[PDB]
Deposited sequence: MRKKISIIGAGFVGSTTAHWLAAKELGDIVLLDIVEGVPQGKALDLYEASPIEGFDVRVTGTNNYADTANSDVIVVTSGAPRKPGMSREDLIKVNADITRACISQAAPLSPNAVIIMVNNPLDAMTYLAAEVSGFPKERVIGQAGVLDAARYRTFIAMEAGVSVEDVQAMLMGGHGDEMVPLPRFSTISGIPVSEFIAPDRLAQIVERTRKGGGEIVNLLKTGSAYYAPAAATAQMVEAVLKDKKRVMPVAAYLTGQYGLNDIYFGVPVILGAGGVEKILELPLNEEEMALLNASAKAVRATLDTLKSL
């Protein structure tokens, strides 16, 4: 039987994720939302594109969690002062997870809702799922923006640029230029220190840069691509090495917390958390980031 992917929240990120996934013909897709008509319409529209692109994937829209039963992967993209933001997203996340988790006990849950690290922590607590199967998408998106800026500046193919980073988005991000390369060569060999610093800065503010341009909306093409790549990693058991929000039990000196770290991602979800040897400067950035993430967790 085909793999089954359920996407909770048929907004810009959710429907765009469905688009990236359908074209890959990875499995059947279920788009769920609380708003009537929206998920059914977007699903049917995407589905009607199948004869043109040539993919045989069933794309259905629904308002009933019963249709997400026995999903292999669950993608949560239903999220919406700072304390109010947390409360609002916590209620939505709790509601989404408590109704979906029980119907797909063997599924891997991929959270996209912000505040990312906190919501992923909540999703694990509410689902009761083994920690390795509840992860958050954040690092892959930030790393993609970073890689795009590098390829653009260096004048090289985006396929030959790799990068690893940690933490969350914005101020919570932990950039690691030392761990970025172009075909195995340090990026510091292609880009001067000052320009590289500008690129790191642009990466931290990357999400806001899109917001300031759209005025009334946030990014969705890259966030969905990032989310889709993680879904593919699990379904095809590719063992991708990427930065994802995972539950830590001592790594980097952090415990009882979800934090963006390097992992091997496969069919079993987080199969391994890599512990990189960070220098003094890098640890300073990680500690500052960990602090902010911890604060958000405490508020939650």
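Absence of C-alpha coordinates is noted for several segments of the deposited sequence, namely 81-86, 307-309.
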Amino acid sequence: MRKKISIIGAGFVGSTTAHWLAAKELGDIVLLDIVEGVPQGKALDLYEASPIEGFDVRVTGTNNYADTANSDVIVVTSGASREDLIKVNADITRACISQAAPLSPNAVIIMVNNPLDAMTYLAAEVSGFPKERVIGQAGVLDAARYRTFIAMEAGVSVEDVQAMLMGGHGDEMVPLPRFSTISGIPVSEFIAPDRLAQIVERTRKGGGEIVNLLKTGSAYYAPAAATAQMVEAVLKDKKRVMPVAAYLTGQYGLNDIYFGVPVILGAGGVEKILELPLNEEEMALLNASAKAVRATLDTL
From here on, numbers count along this sequence of modelled residues.
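Of the two segments examined, 241-249 and 55-63, it is 55-63 that shows the higher average Cα temperature factor in the deposited entry.
For the pair 138-146 and 71-79, the record assigns the higher mean C-alpha temperature factor to 71-79.
For the set 174, 110, 182, 86, the PDB entry puts the maximum C-alpha B factor at 86. Ranked against the other modelled residues of its chain, the C-alpha B-factor of residue 28 as given in the entry falls in the middle third. Among the modelled residues of the chain, residue 159 sits in the lowest third by CA temperature factor in this PDB entry. Annotation for residue 233: C-alpha temperature factor in the lowest third relative to the rest of the modelled chain, per the entry.
In this PDB entry, residue 188 carries a Cα temperature factor that places it within the middle third of its chain's modelled residues.
Ranked by C-alpha B-factor against the other modelled residues of its chain, residue 295 falls in the highest third.
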